[PDB]
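Here's the structure, in structure tokens; my notes come after.
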Amino acid sequence: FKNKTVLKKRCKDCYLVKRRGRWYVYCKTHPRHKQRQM
Amino acid sequence: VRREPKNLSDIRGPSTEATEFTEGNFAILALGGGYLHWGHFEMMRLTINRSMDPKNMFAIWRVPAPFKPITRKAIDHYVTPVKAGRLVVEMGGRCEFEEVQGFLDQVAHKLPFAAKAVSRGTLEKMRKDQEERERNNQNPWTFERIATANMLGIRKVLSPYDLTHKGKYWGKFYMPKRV
Amino acid sequence: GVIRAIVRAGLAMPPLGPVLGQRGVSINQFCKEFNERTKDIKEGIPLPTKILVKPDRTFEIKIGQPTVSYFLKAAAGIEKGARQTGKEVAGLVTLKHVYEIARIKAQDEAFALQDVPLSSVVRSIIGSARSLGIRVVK
Amino acid sequence: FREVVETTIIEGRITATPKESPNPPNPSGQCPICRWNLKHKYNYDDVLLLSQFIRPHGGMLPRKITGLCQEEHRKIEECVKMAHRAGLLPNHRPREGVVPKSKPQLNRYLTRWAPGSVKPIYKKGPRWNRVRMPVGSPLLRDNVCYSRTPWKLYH
Amino acid sequence: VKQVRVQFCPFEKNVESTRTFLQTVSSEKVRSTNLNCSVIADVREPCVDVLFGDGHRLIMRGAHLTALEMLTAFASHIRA
Amino acid sequence: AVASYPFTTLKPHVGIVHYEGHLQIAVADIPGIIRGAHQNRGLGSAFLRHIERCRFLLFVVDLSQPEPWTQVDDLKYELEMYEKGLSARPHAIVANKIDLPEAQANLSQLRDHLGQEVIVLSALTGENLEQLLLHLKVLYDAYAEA
Amino acid sequence: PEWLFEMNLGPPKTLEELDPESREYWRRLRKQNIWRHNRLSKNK
Amino acid sequence: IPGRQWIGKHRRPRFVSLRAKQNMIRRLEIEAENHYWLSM
Amino acid sequence: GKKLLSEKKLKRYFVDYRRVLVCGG
Amino acid sequence: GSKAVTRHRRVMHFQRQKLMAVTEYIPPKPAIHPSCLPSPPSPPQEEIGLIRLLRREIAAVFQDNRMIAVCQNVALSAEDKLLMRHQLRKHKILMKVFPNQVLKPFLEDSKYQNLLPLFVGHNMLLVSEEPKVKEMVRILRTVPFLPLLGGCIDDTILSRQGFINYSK
RNA sequence: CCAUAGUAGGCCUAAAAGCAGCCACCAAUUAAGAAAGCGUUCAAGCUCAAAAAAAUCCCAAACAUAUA
Ligand SMILES: [Mg+2]
Ligand SMILES: [Zn+2]
């Protein structure tokens, strides 16, 4: 997970969610794409 | 070769110069007042040239080259004063708004003053909506009426420039929401 | 499965070995099939072909017509393509003969040129030809 | 509505589908709310209104089916979340074989956030910059009020 | 997994559920894998009969079924 | 990685061979080389850098080709093109894929040209692998010591 | 087949040059659409 | 707030209450009449 | 803990030659 | 003291700030919200060249070709598509396929009106100038899964069950 | 809303077939790019067309709904 203020897409497989009251980006093909809202 | 005392009055007030679209559909409108460094211009040229091909689309420098001196403990460098409303960079050619807006607003983000990439249509649109809003207002009391009439003795607090400023400018800052 | 062979009529099947043999094939059968259609056709020509292979180990070679790319410079007397790939004149092929050969191309349903306008065929050929740095005169 | 049952024979049956009351007070109202003159006249409390817009298991029905006003649709789902959290919907619990473990009960209402989601306010700010706790929804700002004092959305 | 037969009537009232189920099962990607399974469509309320080798008759009425619901039920039965 | 399509094993591959005296001999596998290779044809001769450190060479020759005796001639020529002493460097010549009947047919002419000293092997069936191991050990004990 | 022989050579006709209501005009339009769509896709 | 809370570059902000707005409207509409009677 | 199966083109990872400009503190 | 122009936003005199509060913009809100009120009907659409061209072709294919045989798009592989196309090219019968949504308006007001229920989903048409119905049914028997929905032959509307007996 | 194919567009390569690089970017039908991103040694197979951090201990308590 990388802390980013603004969240982007790196893939089509890449998807957003709102968990624990913050935005995240999850990615099954490339787990390196993961992002956490700060 | 002359040094200048720092006249901050240049940044104050609306831009009355280079506020007209000239042989171009798309331009970046300044929403605030600041001084441009040579570094800014370097970034400008680099980004715009690398983005779009010059054969199909053309870019125009609508801002003069830096000439206002800066004194630092003697003159070191030159800057360009810009008031709110100046189209800084013009762009034209066989192109669409959707495809240019991306890099254009990205380039505008790095600008020291607030700014927006706008088309001819979009710029004229926002001019229209602002002047509709002022006649549409449901508040009897505008800054204009009070300031000019000297209603509460408000001139004691206010500046002489305020009457001209309509209360839409405060320092280097332009407030578009203010009527 | 779809398999493409771009080999001169008067040439046998080693590179095709793994390519076709990845499913296990009698390569000799394919070579025999390809070389059978060399004798009846005019000699000295490549034969780009579109063979079909079914999983029950059966061959459905479609000879059809060779590639248009070759046919552009075929009757010119040159055997080399455009290195520059445009912005140049390498082929001084006469427009009259270019028309003639364009006419004598579309006679097969392999190419799937089922269009009754032969004019449509020729302008498609011109679209192919512009890729190559060639020119048509007279 | 369509139901599917296993016996094998499986089929769809239109068992029971309800209908809307015959005489709308304000025809030409595009929304189903705008029609019944309800626009700014409900909150989380009014469960009977909200029960009509939800699936049996507690989830909410989509706009295309329910025919809702776009601006209004956001209001109901917000009101319904609060309705659930207040516990006004006991027959619309989530769907099994396992049994849920005994958990503490705390009675709450007008709950904006998911209750396992808010970090505690350890250091509140100074008077002029205090961190306040949200109550209710901003979407419910424009509701009819019968008092001079507006809805206080921050506590 | 053995045989599937589908009856639909465009002559009568038209329902697209079985109709769409046809192109789902008439795909090469499914037909090549299920080479043992045989599919036949009949044109004359729609009927789906799946004759499993396991002694099961999957009988489905595609009138009040969703397009994908048809597939989900079929998937649950075949995969088991 | 082993496959029928040419120009595999782009990366050099080291495996070691165990022996009874608790000593290990490392053998390296590089991608295929072609006649020329001085004009950067094929994969070039860039990978040949490893072989400078290698004490001796294994000339692996396939018998599928009609004239396998010319193979070593091409190999020695290209090694010379890279570095002069590589051609003069001591080596062993090994033939492969002898399970095929055409290899058995051409074996006689290999004996005629290359001689008895060349060791004949199969990789797939592991034919005469032991003689290779003997020869590997003997070459090591010969000029890899002191 | 003089008329059949008669055929346009060299440059293809642009939108300006081309008379609309033509079959291939709309082919060209959709081509241009997907072209600049692909061109803007690279940026994102 | 470093220095005095009212003066200097950095100071504790103030905000206009609803009552303070209402008070100011009352004053403004008084002088609106004043304008009228000095018109004629 | 398992080693990941490698692609034929593993020359992407493996590097034999590199030009380095080293500068001290 | 400080300069009138600052890099940061200057803090105002309280009086001036009270003024800014009082002279703020107020928007007018109607008694009835305009979005909830019924909209005026949209200005009449301009007929594009796309739908006009398509109009011509579909009119032409229906008028000129006496027989239109409607079959469900079975999504057959290119490998298997070629043989069917080649068989029909030998019988000089060609294939036509169009979007359903643009097919609807014509079928609303034409000689053929009863085929609107037939034309739901993916569909293609067998069109020719000769009533080689036997050849069509013959090549259909080859692939069992592929159905025929019917259509019209010799300007007479009928389904598959009628077409089979007509073949003789 | 969606199908094939002039065509492994050509050249440079040992093979680059849409996707190593470079040049051309036209063109059959009525019905997508000499291919925008994956994947193959190459093919084959896939998709798309709105910010903030420091040092003794947070800092009134509380509250959304009865007509200025
Ligand atoms: Mg798309
Ligand atoms: Zn992803």
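With θ set to phi - 60°, apply the Karplus curve 6.51 cos²θ - 1.76 cosθ + 1.60 along region B:51-68 and write out the HN-Hα couplings as whole Hz, x wherever there is a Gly or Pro.
Karplus-based 3J(HN,Hα) across region B:51-68 equals 6, 10, 6, x, 6, 9, 10, 10, 10, 10, 6, 9, 10, x, 5, x, 8, 6 Hz.
Looking only at GluC sites (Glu not before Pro) in DSSP loops with at most 16 other Cβ atoms within 10 Å, what is the longest site-free stretch of chain F?
F:21-82
Output ³J(HN,Hα) for region C:25-31: one whole-Hz value per residue in order, computed from phi by the Karplus curve 6.51 cos²θ - 1.76 cosθ + 1.60 with θ = phi - 60°, and x for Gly and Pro.
Couplings: 9, 7, 5, 4, 4, 5, 5 Hz.
What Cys residues in chain J have no fellow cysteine's beta-carbon under 4.7 angstrom?
Singleton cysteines: J:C71, J:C152.
Mind jotting down the distance between the C-alpha centroids of chain I and region G:17-44, whole Å?
Centre-to-centre distance over Cα atoms comes out at 44 Å.
Within 10 Å of each Cβ in peptide A:25-37, how many partner chain Cβ atoms are there on average? Round it to a whole number, please.
Counting Cβ atoms of other protein chains within 10 Å of each residue's Cβ and averaging gives 0.
Got a sec to turn the phi values of region H:26-40 into Karplus ³J(HN,Hα) couplings, 6.51 cos²θ - 1.76 cosθ + 1.60 with θ = phi - 60°, whole Hz, x for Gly and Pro?
4, 5, 5, 7, 5, 6, 5, 5, 4, 4, 5, 6, 9, 7, 10
With the cut-off at 20 Å, report for region F:1-77 the share of all Cα pairs above it, as a whole percent.
That tail contains 42 percent of the Cα-Cα pairs.
Taking Cα atoms, how many degrees apart are the long axis of helix J:78-90 and the longest axis of chain J, rounded to 10 and kept between 0 and 90?
Helix J:78-90 sits roughly 50 degrees off the main axis of chain J.
Report the rotationally averaged projected area of region C:1-64 based on its alpha-carbon convex hull, in square nanometres.
Averaging across all directions leaves 4.0 nm² for the Cα convex hull.
At 1.306 mPa s and 10 °C, plugging the Kirkwood radius over alpha-carbon pairs of region J:64-146 into Stokes-Einstein gives what diffusion coefficient in µm²/s?
115 µm²/s
So for region C:30-88, considering every pair of alpha-carbon atoms, how many percent are separated by more than 16 Å?
Of all Cα-Cα distances in region C:30-88, 57 percent exceed 16 Å.
In whole percent, what relative contact order does region J:35-168 give with Cα contacts below 8 Å and a gap of six or more residues?
About 34 percent, as a whole number.
Using only the alpha carbons of chain B, what is the convex hull's orientation-averaged projected area in square nanometres?
Projected area, direction-averaged: 13.3 nm².
Defining a contact as two alpha carbons under 8 Å apart and six or more residues distant in sequence, what relative contact order in percent does region C:65-138 show?
RCO, region C:65-138: 50 percent.
List the pair-distance distribution P(r) of region J:4-58, using every Cα-Cα distance, as the percent of pairs falling in each 5 Å bin from 0 up to the bin containing the longest distance, rounded to whole percents.
Each 5 Å bin holds this share of Cα pairs: 4, 10, 9, 8, 8, 7, 7, 7, 8, 7, 7, 6, 5, 4, 3, 0.
In the protein assembly as shown, what is the volume of the convex hull around the alpha carbon atoms, normalised per residue and reported in Å³?
Looking at the protein assembly as shown, the number lands at 402 Å³ per residue.
What is the angle, in °, between the Cα long axis of helix J:49-64 and the longest principal axis of the Cα atoms in chain J? Nearest 10 is fine, range 0 to 90.
20 degrees
Could you tell me what fraction of 2.2 N^0.38 Å the Cα radius of gyration of chain D comes to, as a two-decimal ratio?
Compared with the compact-globule rule of thumb, chain D sits at 1.34.
Expressed as a whole percent, how much of the Cα-Cα distance distribution for chain F exceeds 23 Å?
Of all Cα-Cα distances in chain F, 39 percent exceed 23 Å.
First obtain the Kirkwood hydrodynamic radius of region J:114-168 from its Cα pairs, then insert it into the Stokes-Einstein equation at 4 °C and 1.567 mPa s, and state the resulting D in µm² per second as a whole number.
107 µm²/s
Just checking the output field for B:148-158: average partner chain Cβ neighbours within 10 Å of each residue's Cβ?
The shielding value for this peptide is 4.
If we count other beta carbons within 10 Å of each Cβ, what is the order of B:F21, A:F1, fewest first?
Arranged by neighbour count, lowest to highest, B:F21, A:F1 become A:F1, B:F21.
Let me know the Kirkwood hydrodynamic radius for chain G, please, with Cα pairs as the basis and the value in Å to one decimal.
Hydrodynamic radius (Kirkwood, Cα pairs) of chain G is 12.8 Å.
Mind listing P(r) for region B:75-179? All alpha-carbon pairs, 10 Å bins, whole percents.
Spelled out bin by bin, region B:75-179 gives 11, 32, 30, 19, 8, 1 percent.
Given the C-alpha centroids of region C:61-138 and region J:51-77, what is the distance between them in whole angstrom?
33 Å
Per q in 0.09, 0.15, 0.17, 0.18 1/Å, what log10 I(q)/I(0) does a Debye calculation on the alpha-carbon atoms of chain J return?
-0.49, -0.92, -1.08, -1.17
Cα atoms only: what Rg and Dmax, in Å, come out for chain E?
Calculated on Cα positions, Rg and Dmax stand at 12.1, 36 Å.
Distance between the C-alpha centers of region E:22-80 and region D:80-155? Whole Å please.
48 Å
Across the residues of J:144-150, average count of Cβ atoms on other protein chains within 10 Å?
Mean shielding by partner chains, rounded to a whole number: 6.
So what are chain C's ellipsoid semi-axes, whole angstrom, largest first, if each one is the square root of 5 times an eigenvalue of the alpha-carbon gyration tensor?
Whole-Å semi-axes of the equivalent ellipsoid: 31, 17, 14.
Would you work out the Kirkwood radius for region C:68-138? I mean one over the mean of 1/r across all pairs of different Cα atoms, in Å.
12.6 Å
Where a number appears in this text, it was derived from the coordinates with a stated rule and is not lab data. Because the Cβ atoms are built from the backbone with ideal geometry, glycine has one as well, and the counts that use them run over all protein chains shown.
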